[PDB]
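Pasted below: data-v7.txt, compact mmCIF, N, CA and C atoms.
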# COMPACT_ATOMS: atom_id res chain seq x y z
N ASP Q 1 -115.41 75.96 73.68
CA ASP Q 1 -116.60 75.21 74.21
C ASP Q 1 -117.77 76.18 74.43
N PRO Q 2 -117.72 77.13 75.41
CA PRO Q 2 -118.81 78.10 75.59
C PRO Q 2 -118.91 79.09 74.42
N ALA Q 3 -117.77 79.29 73.75
CA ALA Q 3 -117.58 80.27 72.69
C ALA Q 3 -118.07 79.75 71.35
N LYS Q 4 -117.93 78.43 71.11
CA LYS Q 4 -118.35 77.83 69.85
C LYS Q 4 -119.86 78.01 69.68
N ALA Q 5 -120.61 77.70 70.74
CA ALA Q 5 -122.06 77.81 70.77
C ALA Q 5 -122.50 79.25 70.48
N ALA Q 6 -121.80 80.21 71.10
CA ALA Q 6 -122.06 81.63 70.95
C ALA Q 6 -121.96 82.05 69.48
N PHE Q 7 -120.85 81.68 68.83
CA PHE Q 7 -120.61 82.06 67.44
C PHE Q 7 -121.68 81.45 66.53
N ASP Q 8 -122.09 80.21 66.83
CA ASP Q 8 -123.07 79.50 66.01
C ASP Q 8 -124.42 80.23 66.04
N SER Q 9 -124.81 80.74 67.22
CA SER Q 9 -126.08 81.42 67.39
C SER Q 9 -126.06 82.77 66.66
N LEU Q 10 -124.92 83.46 66.69
CA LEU Q 10 -124.77 84.74 66.00
C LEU Q 10 -124.96 84.56 64.50
N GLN Q 11 -124.33 83.52 63.93
CA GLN Q 11 -124.40 83.29 62.50
C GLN Q 11 -125.84 83.01 62.08
N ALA Q 12 -126.60 82.30 62.92
CA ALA Q 12 -127.98 81.94 62.62
C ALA Q 12 -128.86 83.19 62.58
N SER Q 13 -128.70 84.09 63.56
CA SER Q 13 -129.45 85.33 63.62
C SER Q 13 -129.18 86.21 62.40
N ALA Q 14 -127.91 86.27 61.97
CA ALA Q 14 -127.50 87.08 60.83
C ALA Q 14 -128.10 86.55 59.52
N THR Q 15 -128.25 85.22 59.42
CA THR Q 15 -128.80 84.59 58.24
C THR Q 15 -130.27 84.96 58.06
N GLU Q 16 -131.01 85.07 59.17
CA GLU Q 16 -132.42 85.42 59.11
C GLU Q 16 -132.57 86.87 58.65
N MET Q 17 -131.71 87.75 59.16
CA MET Q 17 -131.78 89.17 58.84
C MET Q 17 -131.48 89.43 57.36
N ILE Q 18 -130.53 88.68 56.80
CA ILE Q 18 -130.20 88.79 55.38
C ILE Q 18 -131.41 88.38 54.54
N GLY Q 19 -132.21 87.45 55.07
CA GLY Q 19 -133.44 86.99 54.44
C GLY Q 19 -134.50 88.09 54.34
N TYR Q 20 -134.64 88.88 55.41
CA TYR Q 20 -135.61 89.97 55.46
C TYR Q 20 -135.20 91.08 54.50
N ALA Q 21 -133.88 91.36 54.45
CA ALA Q 21 -133.32 92.42 53.62
C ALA Q 21 -133.59 92.16 52.14
N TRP Q 22 -133.46 90.89 51.72
CA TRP Q 22 -133.68 90.52 50.33
C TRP Q 22 -135.13 90.73 49.93
N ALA Q 23 -136.06 90.56 50.89
CA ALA Q 23 -137.49 90.70 50.64
C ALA Q 23 -137.85 92.16 50.37
N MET Q 24 -137.28 93.07 51.18
CA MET Q 24 -137.53 94.49 51.06
C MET Q 24 -136.99 95.02 49.73
N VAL Q 25 -135.74 94.65 49.40
CA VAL Q 25 -135.06 95.15 48.21
C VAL Q 25 -135.91 94.85 46.98
N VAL Q 26 -136.48 93.64 46.93
CA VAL Q 26 -137.21 93.20 45.75
C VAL Q 26 -138.39 94.13 45.49
N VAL Q 27 -139.09 94.54 46.56
CA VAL Q 27 -140.31 95.32 46.42
C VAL Q 27 -139.98 96.75 45.98
N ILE Q 28 -138.97 97.38 46.60
CA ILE Q 28 -138.55 98.72 46.24
C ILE Q 28 -138.08 98.76 44.79
N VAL Q 29 -137.21 97.81 44.40
CA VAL Q 29 -136.62 97.83 43.07
C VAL Q 29 -137.69 97.57 42.01
N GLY Q 30 -138.63 96.67 42.31
CA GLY Q 30 -139.78 96.41 41.46
C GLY Q 30 -140.49 97.69 41.05
N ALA Q 31 -140.76 98.56 42.04
CA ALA Q 31 -141.48 99.81 41.86
C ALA Q 31 -140.67 100.78 41.01
N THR Q 32 -139.40 100.98 41.38
CA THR Q 32 -138.49 101.89 40.69
C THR Q 32 -138.45 101.57 39.20
N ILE Q 33 -138.18 100.30 38.85
CA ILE Q 33 -137.99 99.90 37.47
C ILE Q 33 -139.33 99.99 36.73
N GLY Q 34 -140.41 99.61 37.42
CA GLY Q 34 -141.76 99.70 36.89
C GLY Q 34 -142.09 101.10 36.39
N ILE Q 35 -141.82 102.12 37.22
CA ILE Q 35 -142.13 103.50 36.90
C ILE Q 35 -141.28 103.94 35.71
N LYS Q 36 -139.99 103.57 35.73
CA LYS Q 36 -139.05 103.91 34.67
C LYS Q 36 -139.56 103.41 33.32
N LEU Q 37 -139.98 102.14 33.24
CA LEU Q 37 -140.41 101.55 31.99
C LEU Q 37 -141.72 102.16 31.50
N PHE Q 38 -142.62 102.48 32.44
CA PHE Q 38 -143.89 103.12 32.13
C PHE Q 38 -143.64 104.43 31.38
N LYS Q 39 -142.80 105.29 31.96
CA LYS Q 39 -142.46 106.58 31.39
C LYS Q 39 -141.87 106.41 29.99
N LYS Q 40 -141.01 105.40 29.81
CA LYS Q 40 -140.28 105.19 28.57
C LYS Q 40 -141.22 104.77 27.45
N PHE Q 41 -142.02 103.73 27.68
CA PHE Q 41 -142.81 103.11 26.63
C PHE Q 41 -143.98 103.99 26.21
N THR Q 42 -144.53 104.75 27.17
CA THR Q 42 -145.65 105.64 26.91
C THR Q 42 -145.22 106.72 25.92
N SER Q 43 -143.99 107.22 26.07
CA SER Q 43 -143.50 108.31 25.26
C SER Q 43 -143.11 107.83 23.86
N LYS Q 44 -142.62 106.59 23.75
CA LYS Q 44 -142.20 106.05 22.46
C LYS Q 44 -143.42 105.71 21.61
N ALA Q 45 -144.49 105.25 22.27
CA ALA Q 45 -145.74 104.90 21.61
C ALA Q 45 -146.47 106.16 21.15
N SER Q 46 -146.23 107.29 21.83
CA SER Q 46 -146.87 108.58 21.59
C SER Q 46 -148.39 108.43 21.48
N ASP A 1 -79.12 70.34 115.28
CA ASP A 1 -79.74 71.68 115.53
C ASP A 1 -81.22 71.49 115.86
N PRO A 2 -81.80 72.27 116.81
CA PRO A 2 -83.23 72.17 117.13
C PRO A 2 -84.10 72.66 115.98
N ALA A 3 -83.53 73.57 115.17
CA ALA A 3 -84.26 74.30 114.15
C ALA A 3 -84.16 73.64 112.77
N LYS A 4 -83.26 72.65 112.60
CA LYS A 4 -82.98 72.08 111.29
C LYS A 4 -84.24 71.43 110.72
N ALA A 5 -84.92 70.63 111.56
CA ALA A 5 -86.14 69.92 111.19
C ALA A 5 -87.22 70.89 110.71
N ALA A 6 -87.35 72.02 111.43
CA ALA A 6 -88.33 73.06 111.14
C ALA A 6 -88.14 73.60 109.73
N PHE A 7 -86.90 73.93 109.36
CA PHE A 7 -86.58 74.49 108.05
C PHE A 7 -86.97 73.53 106.92
N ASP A 8 -86.78 72.22 107.13
CA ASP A 8 -87.06 71.24 106.09
C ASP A 8 -88.55 71.21 105.76
N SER A 9 -89.40 71.33 106.79
CA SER A 9 -90.84 71.30 106.61
C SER A 9 -91.31 72.53 105.82
N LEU A 10 -90.72 73.70 106.12
CA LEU A 10 -90.99 74.91 105.35
C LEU A 10 -90.67 74.69 103.87
N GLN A 11 -89.49 74.12 103.55
CA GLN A 11 -89.06 73.89 102.18
C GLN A 11 -90.12 73.10 101.41
N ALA A 12 -90.62 72.04 102.06
CA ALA A 12 -91.54 71.09 101.46
C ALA A 12 -92.87 71.76 101.13
N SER A 13 -93.40 72.51 102.11
CA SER A 13 -94.67 73.22 101.97
C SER A 13 -94.60 74.22 100.82
N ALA A 14 -93.47 74.94 100.71
CA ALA A 14 -93.30 75.97 99.69
C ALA A 14 -93.31 75.34 98.30
N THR A 15 -92.70 74.16 98.16
CA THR A 15 -92.66 73.51 96.86
C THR A 15 -94.08 73.20 96.39
N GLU A 16 -94.88 72.62 97.30
CA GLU A 16 -96.24 72.19 96.99
C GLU A 16 -97.10 73.40 96.63
N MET A 17 -96.92 74.49 97.38
CA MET A 17 -97.73 75.69 97.22
C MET A 17 -97.47 76.34 95.87
N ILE A 18 -96.21 76.33 95.42
CA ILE A 18 -95.86 76.92 94.13
C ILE A 18 -96.63 76.14 93.06
N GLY A 19 -96.75 74.82 93.26
CA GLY A 19 -97.47 73.93 92.36
C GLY A 19 -98.94 74.31 92.19
N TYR A 20 -99.62 74.61 93.31
CA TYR A 20 -101.03 74.94 93.32
C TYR A 20 -101.28 76.28 92.64
N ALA A 21 -100.40 77.25 92.89
CA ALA A 21 -100.53 78.60 92.36
C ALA A 21 -100.50 78.61 90.83
N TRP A 22 -99.63 77.77 90.24
CA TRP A 22 -99.51 77.70 88.79
C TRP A 22 -100.80 77.19 88.15
N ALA A 23 -101.50 76.30 88.87
CA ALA A 23 -102.73 75.69 88.38
C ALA A 23 -103.86 76.72 88.33
N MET A 24 -103.97 77.54 89.38
CA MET A 24 -105.00 78.56 89.48
C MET A 24 -104.79 79.62 88.39
N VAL A 25 -103.56 80.10 88.23
CA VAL A 25 -103.30 81.21 87.32
C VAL A 25 -103.73 80.83 85.90
N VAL A 26 -103.46 79.57 85.51
CA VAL A 26 -103.75 79.11 84.17
C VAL A 26 -105.25 79.25 83.88
N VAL A 27 -106.10 78.90 84.86
CA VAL A 27 -107.54 78.84 84.68
C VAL A 27 -108.11 80.26 84.56
N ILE A 28 -107.69 81.15 85.46
CA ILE A 28 -108.15 82.53 85.46
C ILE A 28 -107.75 83.21 84.14
N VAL A 29 -106.48 83.07 83.74
CA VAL A 29 -105.98 83.77 82.56
C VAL A 29 -106.66 83.24 81.30
N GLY A 30 -106.88 81.92 81.25
CA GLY A 30 -107.62 81.29 80.16
C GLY A 30 -108.94 82.00 79.88
N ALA A 31 -109.71 82.26 80.95
CA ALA A 31 -111.02 82.88 80.90
C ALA A 31 -110.93 84.32 80.40
N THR A 32 -110.05 85.10 81.04
CA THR A 32 -109.83 86.50 80.73
C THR A 32 -109.56 86.68 79.23
N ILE A 33 -108.57 85.94 78.70
CA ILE A 33 -108.12 86.10 77.32
C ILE A 33 -109.22 85.63 76.37
N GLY A 34 -109.88 84.53 76.76
CA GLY A 34 -110.99 83.98 75.99
C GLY A 34 -112.06 85.02 75.71
N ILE A 35 -112.49 85.73 76.77
CA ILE A 35 -113.56 86.71 76.67
C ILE A 35 -113.10 87.87 75.80
N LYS A 36 -111.85 88.31 75.99
CA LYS A 36 -111.27 89.41 75.24
C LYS A 36 -111.33 89.13 73.74
N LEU A 37 -110.89 87.93 73.33
CA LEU A 37 -110.83 87.58 71.92
C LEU A 37 -112.22 87.46 71.31
N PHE A 38 -113.17 86.91 72.09
CA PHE A 38 -114.56 86.78 71.67
C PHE A 38 -115.11 88.14 71.27
N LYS A 39 -114.98 89.12 72.17
CA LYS A 39 -115.47 90.47 71.95
C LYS A 39 -114.85 91.08 70.70
N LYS A 40 -113.55 90.85 70.49
CA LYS A 40 -112.79 91.46 69.41
C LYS A 40 -113.25 90.91 68.05
N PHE A 41 -113.26 89.58 67.91
CA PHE A 41 -113.46 88.97 66.61
C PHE A 41 -114.91 89.08 66.16
N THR A 42 -115.85 89.07 67.12
CA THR A 42 -117.27 89.17 66.83
C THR A 42 -117.56 90.52 66.18
N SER A 43 -116.89 91.57 66.68
CA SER A 43 -117.15 92.92 66.22
C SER A 43 -116.51 93.17 64.85
N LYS A 44 -115.36 92.54 64.59
CA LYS A 44 -114.66 92.74 63.32
C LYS A 44 -115.39 92.00 62.20
N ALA A 45 -115.94 90.83 62.53
CA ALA A 45 -116.69 90.00 61.60
C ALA A 45 -118.03 90.65 61.25
N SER A 46 -118.58 91.41 62.20
CA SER A 46 -119.79 92.18 61.94
C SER A 46 -119.37 93.54 61.39
Re-express the file's structure as structure tokens.
Amino acid sequence: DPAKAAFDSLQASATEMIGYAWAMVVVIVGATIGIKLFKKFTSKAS
Amino acid sequence: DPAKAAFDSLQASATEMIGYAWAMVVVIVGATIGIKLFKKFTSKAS
């Protein structure tokens, strides 16, 4: 009874945090791959 | 015996009292174990 409510609130907080994490990852990985492709295509085009 | 009546009343009181004590212990122990398990499972799940 008091414990069910507690667990429910914890799960909700964790769901929001996973949401923020996905947002950050996208921006960092975007940059990394961007730079990689730039270096690659510039050199092949000569 | 002058004392026979006295002993019977003691017997009766003791029976009732044992009854009350069992009720209290259940409630206290319920709480204690409840809190313990909450702390344990929350941390393992995280």
(request) Find the residues in chain A near chain Q: any atom within 8 Å counts, using only N, CA and C atoms. Write them as a ChimeraX atom specification. (result) /A:34,38,42
(request) Tell me, in Å to one decimal, how far atom CA of residue Q:46 is from atom CA of residue Q:32. (result) 21.9 Å
Superposition output for chain Q against chain A, all Cα paired in order, as an mmCIF file with N, CA and C atoms, in the frame of the given file:
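Everything below was put into selection03.cif:
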data_model
loop_
_atom_site.group_PDB
_atom_site.id
_atom_site.type_symbol
_atom_site.label_atom_id
_atom_site.label_comp_id
_atom_site.auth_asym_id
_atom_site.auth_seq_id
_atom_site.Cartn_x
_atom_site.Cartn_y
_atom_site.Cartn_z
ATOM 1 N N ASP Q 1 -79.275 71.937 114.415
ATOM 2 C CA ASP Q 1 -79.661 70.484 114.433
ATOM 3 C C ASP Q 1 -81.191 70.353 114.454
ATOM 4 N N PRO Q 2 -81.914 70.733 115.549
ATOM 5 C CA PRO Q 2 -83.383 70.665 115.556
ATOM 6 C C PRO Q 2 -84.018 71.678 114.592
ATOM 7 N N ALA Q 3 -83.273 72.758 114.335
ATOM 8 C CA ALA Q 3 -83.706 73.912 113.559
ATOM 9 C C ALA Q 3 -83.558 73.672 112.067
ATOM 10 N N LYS Q 4 -82.520 72.912 111.662
ATOM 11 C CA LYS Q 4 -82.275 72.635 110.253
ATOM 12 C C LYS Q 4 -83.461 71.860 109.674
ATOM 13 N N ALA Q 5 -83.892 70.823 110.395
ATOM 14 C CA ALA Q 5 -85.007 69.972 110.010
ATOM 15 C C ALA Q 5 -86.288 70.800 109.848
ATOM 16 N N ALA Q 6 -86.516 71.715 110.799
ATOM 17 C CA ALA Q 6 -87.669 72.597 110.818
ATOM 18 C C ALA Q 6 -87.737 73.433 109.537
ATOM 19 N N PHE Q 7 -86.621 74.088 109.194
ATOM 20 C CA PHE Q 7 -86.569 74.959 108.022
ATOM 21 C C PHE Q 7 -86.818 74.149 106.747
ATOM 22 N N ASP Q 8 -86.283 72.921 106.699
ATOM 23 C CA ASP Q 8 -86.408 72.069 105.518
ATOM 24 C C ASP Q 8 -87.881 71.717 105.267
ATOM 25 N N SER Q 9 -88.634 71.444 106.345
ATOM 26 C CA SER Q 9 -90.030 71.062 106.241
ATOM 27 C C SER Q 9 -90.874 72.261 105.786
ATOM 28 N N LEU Q 10 -90.540 73.457 106.269
ATOM 29 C CA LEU Q 10 -91.247 74.676 105.879
ATOM 30 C C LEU Q 10 -91.104 74.917 104.383
ATOM 31 N N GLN Q 11 -89.875 74.771 103.861
ATOM 32 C CA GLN Q 11 -89.619 75.031 102.457
ATOM 33 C C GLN Q 11 -90.411 74.059 101.587
ATOM 34 N N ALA Q 12 -90.549 72.806 102.032
ATOM 35 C CA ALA Q 12 -91.255 71.777 101.279
ATOM 36 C C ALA Q 12 -92.745 72.111 101.189
ATOM 37 N N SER Q 13 -93.354 72.525 102.308
ATOM 38 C CA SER Q 13 -94.754 72.902 102.349
ATOM 39 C C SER Q 13 -95.045 74.087 101.429
ATOM 40 N N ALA Q 14 -94.134 75.074 101.413
ATOM 41 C CA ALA Q 14 -94.284 76.273 100.599
ATOM 42 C C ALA Q 14 -94.211 75.947 99.101
ATOM 43 N N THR Q 15 -93.388 74.951 98.739
ATOM 44 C CA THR Q 15 -93.223 74.544 97.361
ATOM 45 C C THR Q 15 -94.511 73.932 96.817
ATOM 46 N N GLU Q 16 -95.231 73.179 97.658
ATOM 47 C CA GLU Q 16 -96.474 72.552 97.241
ATOM 48 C C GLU Q 16 -97.537 73.625 97.006
ATOM 49 N N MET Q 17 -97.584 74.622 97.889
ATOM 50 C CA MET Q 17 -98.584 75.679 97.805
ATOM 51 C C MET Q 17 -98.397 76.533 96.546
ATOM 52 N N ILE Q 18 -97.141 76.790 96.177
ATOM 53 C CA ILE Q 18 -96.835 77.538 94.959
ATOM 54 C C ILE Q 18 -97.330 76.757 93.741
ATOM 55 N N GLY Q 19 -97.312 75.425 93.845
ATOM 56 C CA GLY Q 19 -97.808 74.528 92.810
ATOM 57 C C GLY Q 19 -99.316 74.662 92.585
ATOM 58 N N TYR Q 20 -100.073 74.780 93.681
ATOM 59 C CA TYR Q 20 -101.526 74.915 93.622
ATOM 60 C C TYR Q 20 -101.902 76.267 93.027
ATOM 61 N N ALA Q 21 -101.147 77.316 93.420
ATOM 62 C CA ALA Q 21 -101.395 78.685 92.983
ATOM 63 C C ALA Q 21 -101.255 78.813 91.469
ATOM 64 N N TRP Q 22 -100.240 78.140 90.900
ATOM 65 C CA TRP Q 22 -99.998 78.193 89.466
ATOM 66 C C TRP Q 22 -101.139 77.552 88.694
ATOM 67 N N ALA Q 23 -101.784 76.532 89.291
ATOM 68 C CA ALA Q 23 -102.877 75.806 88.654
ATOM 69 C C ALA Q 23 -104.117 76.691 88.537
ATOM 70 N N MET Q 24 -104.423 77.428 89.620
ATOM 71 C CA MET Q 24 -105.572 78.306 89.671
ATOM 72 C C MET Q 24 -105.415 79.453 88.670
ATOM 73 N N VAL Q 25 -104.232 80.092 88.670
ATOM 74 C CA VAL Q 25 -103.970 81.261 87.837
ATOM 75 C C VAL Q 25 -104.243 80.912 86.378
ATOM 76 N N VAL Q 26 -103.808 79.718 85.959
ATOM 77 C CA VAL Q 26 -103.903 79.330 84.559
ATOM 78 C C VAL Q 26 -105.363 79.321 84.119
ATOM 79 N N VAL Q 27 -106.257 78.818 84.985
ATOM 80 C CA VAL Q 27 -107.654 78.639 84.621
ATOM 81 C C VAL Q 27 -108.363 79.995 84.545
ATOM 82 N N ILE Q 28 -108.141 80.875 85.534
ATOM 83 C CA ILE Q 28 -108.731 82.199 85.544
ATOM 84 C C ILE Q 28 -108.273 82.997 84.328
ATOM 85 N N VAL Q 29 -106.954 83.007 84.061
ATOM 86 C CA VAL Q 29 -106.409 83.828 82.990
ATOM 87 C C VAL Q 29 -106.884 83.313 81.632
ATOM 88 N N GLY Q 30 -106.964 81.988 81.484
ATOM 89 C CA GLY Q 30 -107.519 81.354 80.299
ATOM 90 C C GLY Q 30 -108.869 81.936 79.916
ATOM 91 N N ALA Q 31 -109.766 82.054 80.912
ATOM 92 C CA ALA Q 31 -111.127 82.535 80.738
ATOM 93 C C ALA Q 31 -111.132 84.006 80.342
ATOM 94 N N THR Q 32 -110.401 84.830 81.101
ATOM 95 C CA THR Q 32 -110.309 86.270 80.876
ATOM 96 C C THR Q 32 -109.906 86.555 79.433
ATOM 97 N N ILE Q 33 -108.798 85.948 78.972
ATOM 98 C CA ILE Q 33 -108.243 86.236 77.665
ATOM 99 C C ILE Q 33 -109.187 85.692 76.586
ATOM 100 N N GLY Q 34 -109.766 84.517 76.849
ATOM 101 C CA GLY Q 34 -110.739 83.898 75.965
ATOM 102 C C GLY Q 34 -111.892 84.835 75.631
ATOM 103 N N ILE Q 35 -112.490 85.452 76.662
ATOM 104 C CA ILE Q 35 -113.634 86.329 76.499
ATOM 105 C C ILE Q 35 -113.208 87.563 75.707
ATOM 106 N N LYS Q 36 -112.032 88.114 76.048
ATOM 107 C CA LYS Q 36 -111.486 89.293 75.388
ATOM 108 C C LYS Q 36 -111.366 89.058 73.884
ATOM 109 N N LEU Q 37 -110.779 87.926 73.472
ATOM 110 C CA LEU Q 37 -110.549 87.646 72.070
ATOM 111 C C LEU Q 37 -111.857 87.405 71.322
ATOM 112 N N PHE Q 38 -112.818 86.754 71.991
ATOM 113 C CA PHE Q 38 -114.137 86.500 71.429
ATOM 114 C C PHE Q 38 -114.787 87.822 71.017
ATOM 115 N N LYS Q 39 -114.842 88.769 71.956
ATOM 116 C CA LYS Q 39 -115.433 90.076 71.737
ATOM 117 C C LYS Q 39 -114.749 90.786 70.569
ATOM 118 N N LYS Q 40 -113.417 90.680 70.486
ATOM 119 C CA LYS Q 40 -112.622 91.398 69.503
ATOM 120 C C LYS Q 40 -112.888 90.872 68.100
ATOM 121 N N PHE Q 41 -112.764 89.560 67.904
ATOM 122 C CA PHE Q 41 -112.791 88.966 66.579
ATOM 123 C C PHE Q 41 -114.193 88.980 65.983
ATOM 124 N N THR Q 42 -115.211 88.853 66.849
ATOM 125 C CA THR Q 42 -116.600 88.854 66.420
ATOM 126 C C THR Q 42 -116.938 90.207 65.798
ATOM 127 N N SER Q 43 -116.420 91.288 66.389
ATOM 128 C CA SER Q 43 -116.741 92.627 65.955
ATOM 129 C C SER Q 43 -115.986 92.993 64.675
ATOM 130 N N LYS Q 44 -114.766 92.468 64.510
ATOM 131 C CA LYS Q 44 -113.960 92.774 63.332
ATOM 132 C C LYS Q 44 -114.509 92.040 62.114
ATOM 133 N N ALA Q 45 -115.023 90.824 62.339
ATOM 134 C CA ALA Q 45 -115.606 90.002 61.288
ATOM 135 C C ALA Q 45 -116.952 90.574 60.849
ATOM 136 N N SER Q 46 -117.632 91.299 61.749
ATOM 137 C CA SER Q 46 -118.958 91.877 61.548
ATOM 138 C C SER Q 46 -119.929 90.846 60.968
#
(request) Work out how far apart atom CA of residue A:5 and atom C of residue A:21 are and give it in Å to one decimal. (result) 26.4 Å
Please return the centre and edge lengths, in Å to one decimal, of a box with edges along x, y and z that contains all listed atoms of stretch 25-32 of chain A, widened by 5 Å on every side, as JSON.
{"center_x": -107.2, "center_y": 82.8, "center_z": 83.7, "size_x": 17.7, "size_y": 17.8, "size_z": 19.0}
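Our summary of the geometry notes that atom CA of residue A:8 is positioned 24.1 Å from atom CA of residue A:23.
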Copy chain A out of the block into a file, keeping C-alpha atoms, as a PDB file, in the first residue's frame.
ATOM      1  CA  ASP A   1      -9.719 -22.666  49.705  1.00  0.00           C
ATOM      2  CA  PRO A   2      -9.613 -18.830  50.187  1.00  0.00           C
ATOM      3  CA  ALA A   3      -7.021 -18.582  47.408  1.00  0.00           C
ATOM      4  CA  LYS A   4      -8.668 -20.854  44.780  1.00  0.00           C
ATOM      5  CA  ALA A   5     -10.866 -18.060  43.356  1.00  0.00           C
ATOM      6  CA  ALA A   6      -7.830 -15.741  43.122  1.00  0.00           C
ATOM      7  CA  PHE A   7      -5.833 -18.223  41.006  1.00  0.00           C
ATOM      8  CA  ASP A   8      -8.697 -18.630  38.498  1.00  0.00           C
ATOM      9  CA  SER A   9      -8.828 -14.881  37.811  1.00  0.00           C
ATOM     10  CA  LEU A  10      -5.061 -14.832  37.154  1.00  0.00           C
ATOM     11  CA  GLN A  11      -5.448 -17.707  34.631  1.00  0.00           C
ATOM     12  CA  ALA A  12      -8.155 -15.810  32.732  1.00  0.00           C
ATOM     13  CA  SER A  13      -6.235 -12.511  32.568  1.00  0.00           C
ATOM     14  CA  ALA A  14      -3.091 -14.277  31.302  1.00  0.00           C
ATOM     15  CA  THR A  15      -4.986 -15.948  28.459  1.00  0.00           C
ATOM     16  CA  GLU A  16      -6.411 -12.623  27.250  1.00  0.00           C
ATOM     17  CA  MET A  17      -3.052 -10.852  27.554  1.00  0.00           C
ATOM     18  CA  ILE A  18      -1.249 -13.467  25.437  1.00  0.00           C
ATOM     19  CA  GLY A  19      -3.925 -12.721  22.808  1.00  0.00           C
ATOM     20  CA  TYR A  20      -3.199  -8.964  22.746  1.00  0.00           C
ATOM     21  CA  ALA A  21       0.590  -9.433  22.585  1.00  0.00           C
ATOM     22  CA  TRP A  22       0.362 -11.566  19.415  1.00  0.00           C
ATOM     23  CA  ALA A  23      -1.638  -8.796  17.706  1.00  0.00           C
ATOM     24  CA  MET A  24       0.930  -6.080  18.473  1.00  0.00           C
ATOM     25  CA  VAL A  25       3.963  -8.126  17.408  1.00  0.00           C
ATOM     26  CA  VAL A  26       2.443  -8.836  13.981  1.00  0.00           C
ATOM     27  CA  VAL A  27       1.975  -5.103  13.229  1.00  0.00           C
ATOM     28  CA  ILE A  28       5.460  -3.989  14.350  1.00  0.00           C
ATOM     29  CA  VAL A  29       7.247  -6.831  12.522  1.00  0.00           C
ATOM     30  CA  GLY A  30       5.182  -6.206   9.365  1.00  0.00           C
ATOM     31  CA  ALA A  31       6.520  -2.626   9.233  1.00  0.00           C
ATOM     32  CA  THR A  32      10.148  -3.509  10.023  1.00  0.00           C
ATOM     33  CA  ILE A  33      10.405  -6.209   7.315  1.00  0.00           C
ATOM     34  CA  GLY A  34       8.467  -4.063   4.829  1.00  0.00           C
ATOM     35  CA  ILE A  35      10.962  -1.195   5.092  1.00  0.00           C
ATOM     36  CA  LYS A  36      13.939  -3.580   4.900  1.00  0.00           C
ATOM     37  CA  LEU A  37      12.740  -5.166   1.637  1.00  0.00           C
ATOM     38  CA  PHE A  38      11.885  -1.767   0.105  1.00  0.00           C
ATOM     39  CA  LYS A  39      15.444  -0.513   0.671  1.00  0.00           C
ATOM     40  CA  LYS A  40      16.937  -3.752  -0.716  1.00  0.00           C
ATOM     41  CA  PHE A  41      14.960  -4.168  -3.938  1.00  0.00           C
ATOM     42  CA  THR A  42      15.019  -0.472  -4.896  1.00  0.00           C
ATOM     43  CA  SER A  43      18.819  -0.465  -4.840  1.00  0.00           C
ATOM     44  CA  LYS A  44      19.217  -3.724  -6.795  1.00  0.00           C
ATOM     45  CA  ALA A  45      16.771  -2.545  -9.481  1.00  0.00           C
ATOM     46  CA  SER A  46      18.764   0.674  -9.785  1.00  0.00           C
TER      47      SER A  46
END
